[PDB]
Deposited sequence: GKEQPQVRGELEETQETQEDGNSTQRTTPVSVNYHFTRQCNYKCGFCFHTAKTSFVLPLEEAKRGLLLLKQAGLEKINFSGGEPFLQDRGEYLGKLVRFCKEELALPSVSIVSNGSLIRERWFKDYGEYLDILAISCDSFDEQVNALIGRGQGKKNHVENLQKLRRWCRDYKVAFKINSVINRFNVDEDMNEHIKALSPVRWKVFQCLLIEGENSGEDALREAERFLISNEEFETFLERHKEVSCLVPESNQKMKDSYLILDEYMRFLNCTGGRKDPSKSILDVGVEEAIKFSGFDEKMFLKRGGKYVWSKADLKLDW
């Protein structure tokens, strides 16, 4: 019986972020009507806020899959808060025309305003305009009446960056600032798809970054401890996972039984 949920419905992505903590282990995505069934179960178990993530949410079916679930959550389930977290690179303006009215919040991952740092940490596909893309997406959120947030992973390569003026110029509703998180089997392990150890920062370095940006009123910190205690993952099979063997899928045992495992 949860209030908010992070639904990582896909693990496919077009970027290669070196620290990615939710890696391309599978290509499975549920049939649309199976996801719709699980989302309804969550609604009936008392869900109020849903956040679509991955993976890159806009990759599947050029965003139409995501748009259909977004519309189902707002129209059919009457969820008062529907959000997406995206790297932003595959978002088409046409998506906003077709689905934007159902979307409350679009959070775009941007870890640096230094386009060298962004290419280095893997946040791109080659064009090295990932930050110029950000102002276009900000403008689309303004024009299509979607709240715009920025997600940043604080890591070895941006820990001393001063982002104050850049974040202020974008005027996001929120700037969610995550300490780089290690998850064994995801970005840690000899067989893992990423090895994030070299990206990690200490709690002291993280706190120093927050203090440097204390003038940014919309800043919301997400330390390692906060993520481990409060960030709940519903994976691409609609099994529950935490950030510290997955549960049974809610599609098989229900929300109550599945939440007990995690």
Could you give the ranges of the deposited sequence that carry no C-alpha coordinates?
1 to 27, 272 to 275, 294 to 318
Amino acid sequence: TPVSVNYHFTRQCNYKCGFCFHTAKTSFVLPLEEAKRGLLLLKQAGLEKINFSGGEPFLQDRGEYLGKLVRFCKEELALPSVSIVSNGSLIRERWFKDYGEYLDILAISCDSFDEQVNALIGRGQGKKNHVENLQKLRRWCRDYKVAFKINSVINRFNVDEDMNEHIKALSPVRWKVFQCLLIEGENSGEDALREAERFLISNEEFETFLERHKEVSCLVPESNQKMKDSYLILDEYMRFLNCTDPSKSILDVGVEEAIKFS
From here on, numbers count along this sequence of modelled residues.
Which of the two stretches, 149 to 157 or 180 to 188, shows the higher mean Cα temperature factor in the record?
180 to 188
Comparing 227 to 235 with 51 to 59, the higher average Cα temperature factor in the PDB entry belongs to 227 to 235
Most elevated Cα B-factor in the entry, residues 112, 133, 87, 164
133
Residue 215 CA temperature factor, ranked by third within the chain
highest
Taking the entry's C-alpha B-factors for this chain, is residue 141 in the lowest, middle or highest third?
lowest
Sorting the chain's modelled residues by C-alpha B-factor and splitting them into thirds places residue 33 in the highest
Residue 83 - Cα temperature factor, lowest/middle/highest third of chain
lowest
Position of residue 200 among the chain's modelled residues by C-alpha B-factor, lowest, middle or highest third:
lowest
